[PDB]
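Listed next as structure tokens is one chain, alone, in the form deposited without S-adenosyl-L-homocysteine.
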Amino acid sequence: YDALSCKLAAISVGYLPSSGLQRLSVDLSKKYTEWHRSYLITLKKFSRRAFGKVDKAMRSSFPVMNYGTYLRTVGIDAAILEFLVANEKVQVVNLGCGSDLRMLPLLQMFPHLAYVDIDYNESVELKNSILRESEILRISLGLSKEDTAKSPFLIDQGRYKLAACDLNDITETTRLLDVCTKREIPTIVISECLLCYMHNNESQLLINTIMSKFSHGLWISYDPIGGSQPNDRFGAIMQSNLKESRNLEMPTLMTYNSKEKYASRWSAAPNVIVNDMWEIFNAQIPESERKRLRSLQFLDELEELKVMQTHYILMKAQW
């Protein structure tokens, strides 16, 4: 599990939590680490294979990757937190949520936040198993150990829902949203490395339909881009590598190969901001953080980080 292993490595080294950017208290900073660590331990209980993959990935993590993971996490978190502070009563829809645990601090931090995690069936089933099995995670969500909830939810517990959905099926997705969100509540939609795996029709229809479901909101999307400069082999190498290692495809990676082309998918939104992660590193990350991260590992090859991070974007679309 790429994202989880990246997260846990960054946490292990100490990149995360970043209490300032993630706006975490002393106790939530501690919990942030504990929750993730428990997630890993509990994953191990449920899958030797997944645990092994994560373990191996974590041990071989390198500084450039860890900076990537840091930037991704604090970039999204900073966007989320700005909007949450401005909008006391809000709903977050995390599309393709995977092992993301941001609901744990956020639900605590924001008493009137409702959060919906949506992913494909197998993913949400494993997440539900893990959240319910781990005592610390169960307790943070006020869950029972045995699978209480009723279809269409695996968890439907206070202000958190966890639901299976085929996000390539937009009728299913809209009907699901109908029963767990309200049109008139400010909505954050999160798609972190979700749309990169979708064909353009599905991702465009998902974008259009979901934005149209909510009077006002913020869509935060994070994804790779193929690269716009001539003879940039990033997309080709990624598309190649995905095809052998994961059998997966990124159908629109070369279509949306610049941050501008990527952001244009949200052009129905009046306010669209897009940055590559290198820009975020240089403009959004305080000197104190840059210094702190330099204390952790040797980033000997800053150009390599730049090359990688200029192929990841954080798109914020508001309406």
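Only the largest set of C-alpha atoms that superpose within 1.5 Å between the two forms is called the rigid core. The first residue of the shown sequence is 1; numbering continues from there.
Undergrad: Quick one: with the core lined up, is it 85-93 or 146-154 that wanders further in 5 other deposited structures of this protein, going by C-alpha RMS?
TA: Stretch with the higher C-alpha RMS distance in 5 other deposited structures of this protein: 146-154.
Undergrad: Compare the mean C-alpha B-factor of 250-258 with that of 36-44 as given in the PDB entry, and name the stretch with the higher value.
TA: In the deposited entry, the stretch with the higher C-alpha B-factor mean is 250-258.
Undergrad: Tell me which of 171-179 and 230-238 has the higher mean C-alpha B-factor in the deposited entry.
TA: Per the PDB record, 230-238.
Undergrad: Sort 224, 105, 142, 186 by C-alpha B-factor from the entry and give me just the highest.
TA: Checking the PDB record, the top C-alpha B-factor among 224, 105, 142, 186 is at 142.
Undergrad: Highest Cα B-factor in the PDB entry belongs to which of 87, 134, 73, 200?
TA: Top of the list by C-alpha B-factor: 87.
Undergrad: Would you mind ranking residue 31 by its C-alpha B-factor against the rest of the chain and naming the third, lowest, middle or highest?
TA: Residue 31: CA B-factor falls in the lowest third of its chain.
Undergrad: Mind checking which third residue 285 falls in for C-alpha B-factor across the chain?
TA: Residue 285: CA B-factor falls in the highest third of its chain.
Undergrad: Would you please rank residue 149 by its C-alpha temperature factor against the other modelled residues of its chain and give the third it falls in: lowest, middle or highest?
TA: For residue 149, the deposited C-alpha B-factor lands in the highest third.
Undergrad: Could you tell me which third, lowest, middle or highest, the C-alpha B-factor of residue 216 occupies within its chain?
TA: For residue 216, the deposited C-alpha B-factor lands in the middle third.
Undergrad: Among the chain's modelled residues, which third holds the C-alpha B-factor of residue 159?
TA: As the PDB entry reports it, the C-alpha B-factor of residue 159 lands in the middle third of its chain.
A second form of this protein, the form deposited with S-adenosyl-L-homocysteine bound, is not displayed here; the remarks below concern that form.
Undergrad: Heavy atoms within 4.5 Å of S-adenosyl-L-homocysteine in the deposited bound form: which stretch among 135-143, 175-183, 95-103, 80-88?
TA: Flagged stretch: 95-103.
Undergrad: Should the three residues 3, 7 and 168 be counted as contacting S-adenosyl-L-homocysteine in the deposited bound form, with contact defined as a heavy atom within 4.5 Å for each?
TA: Yes: each residue has a heavy atom within 4.5 Å of the partner.
Undergrad: Residue 197 versus S-adenosyl-L-homocysteine, in the deposited bound form: is there a non-hydrogen atom within 4.5 Å?
TA: Residue 197 belongs to the contact set for S-adenosyl-L-homocysteine.
Undergrad: Even though the partner isn't displayed, in the deposited bound form is residue 107 close enough to S-adenosyl-L-homocysteine, meaning a heavy atom within 4.5 Å?
TA: Judged by the heavy-atom cut-off of 4.5 Å, residue 107 is well away from S-adenosyl-L-homocysteine in the deposited bound form.
Undergrad: Would you classify residue 204 as touching S-adenosyl-L-homocysteine in the deposited bound form, given a 4.5 Å non-hydrogen atom cut-off?
TA: Looking in the deposited bound form, residue contacts with S-adenosyl-L-homocysteine do not include residue 204, since no heavy atom lies within 4.5 Å.
Undergrad: Examine residue 161 and determine whether its closest non-hydrogen atom to S-adenosyl-L-homocysteine in the deposited bound form is within 4.5 angstroms.
TA: Residue 161: no contact with S-adenosyl-L-homocysteine in the deposited bound form.
Undergrad: Quick one: from 193, 211, 126, 113, grab the residue that has a heavy atom within 4.5 Å of S-adenosyl-L-homocysteine in the deposited bound form.
TA: The residue in contact is 193.
Undergrad: Pick out the residues of 112-137 whose heavy atoms come within 4.5 Å of S-adenosyl-L-homocysteine in the deposited bound form.
TA: Going through 112-137 in order - heavy atoms within 4.5 Å of S-adenosyl-L-homocysteine in the deposited bound form - the hits are 119, 120, 123.
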